[PDB]
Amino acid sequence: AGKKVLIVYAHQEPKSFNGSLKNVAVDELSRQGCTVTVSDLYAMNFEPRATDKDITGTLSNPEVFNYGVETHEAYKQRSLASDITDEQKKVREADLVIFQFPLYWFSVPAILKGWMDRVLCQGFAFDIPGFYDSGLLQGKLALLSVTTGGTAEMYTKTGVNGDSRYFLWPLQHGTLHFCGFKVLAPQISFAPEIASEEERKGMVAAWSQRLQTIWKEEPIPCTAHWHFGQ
């Protein structure tokens, strides 16, 4: 078969529970014979800000800077900053992109938000038209593997946080589905800091075990119904 996996990883501490989930992914996917690449964004000191430094050539309109217009142009001309094109090459080759991160404010850490903002540019990840089911990364799979401070019960329809699915919408639908990815079901590892060292061990092994059969999974239907019900 032969599959390539990119893990986009956003945690500052190699000994953390996120680091353990990234490491078990690399170990199990490597064991299976997959080709594996990890973008460890804090180690890379990955630049999160969307600025005019991300285009190196003559701007389309140097008088009034529009990041979307300028990057779309720079993508077509090949004048994006090289850190963006280095990530795009990894995504272009990947069959599966796994994002591994702690939930910050019901979303990704800013450094990973900046990866989405800068790497998934128009022309590369989507065109207008050419989005959602027609997005440019059609054929690829994506998977969010998230850790939380809040417990699974806090993340239910009647807990303080509401259902976990509700915070997934901007990431699954607005970002990944928009770019054409098929979205695998999220891995959510709840409250590892509260949990006993046994329960943590179990959450790590549950992810490892799921990865054994990841290429047999079908995606979610990434719709408003799946996220919010009715």
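Note that residue numbering begins at 1 and tracks the sequence as displayed. In this text, the rigid core denotes the largest set of C-alpha atoms whose superposition between the two forms falls within 1.5 Å.
Novice: Please work out whether 55 to 63 or 41 to 49 has the higher root mean square C-alpha deviation in 8 other deposited structures of this protein relative to the shown form, with the rigid core as fitting region?
Specialist: Between 55 to 63 and 41 to 49, the one lying farther away in 8 other deposited structures of this protein is 55 to 63.
Novice: Looking only at CA atoms, which has the higher mean B factor in the entry: 69 to 77 or 107 to 115?
Specialist: Stretch with the greater average CA B-factor: 69 to 77.
Novice: When the C-alpha temperature factors are averaged for each of 215 to 223 and 6 to 14, which stretch ends up with the higher value in the entry?
Specialist: Per the PDB entry, the higher value belongs to 215 to 223.
Novice: Could you check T148, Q88, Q122, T156 and tell me which one carries the biggest Cα B-factor in the deposited entry?
Specialist: That would be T156.
Novice: Between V183, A43, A191, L171, where does the Cα B-factor run highest in the record?
Specialist: Each of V183, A43, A191, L171 was compared by C-alpha B-factor; the highest is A191.
Novice: By the recorded C-alpha temperature factor, relative to the other modelled residues in its chain, which third is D95 in?
Specialist: Lowest third of the chain for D95's C-alpha B-factor.
Novice: If you rank the chain by CA B-factor, which third does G33 end up in: lowest, middle or highest?
Specialist: According to the entry, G33 has a C-alpha B-factor in the chain's middle third.
Novice: Within this chain's modelled residues, let me know which third the CA B factor of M203 belongs to: lowest, middle or highest.
Specialist: Top third by C-alpha B-factor.
Novice: Determine, from the deposited record, the chain-internal third of the Cα B-factor for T175: lowest, middle or highest.
Specialist: Lowest third.
Novice: Compared with the other modelled residues in the chain, in which third is the CA B-factor of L136?
Specialist: Its C-alpha B-factor belongs to the middle third of this chain's values.
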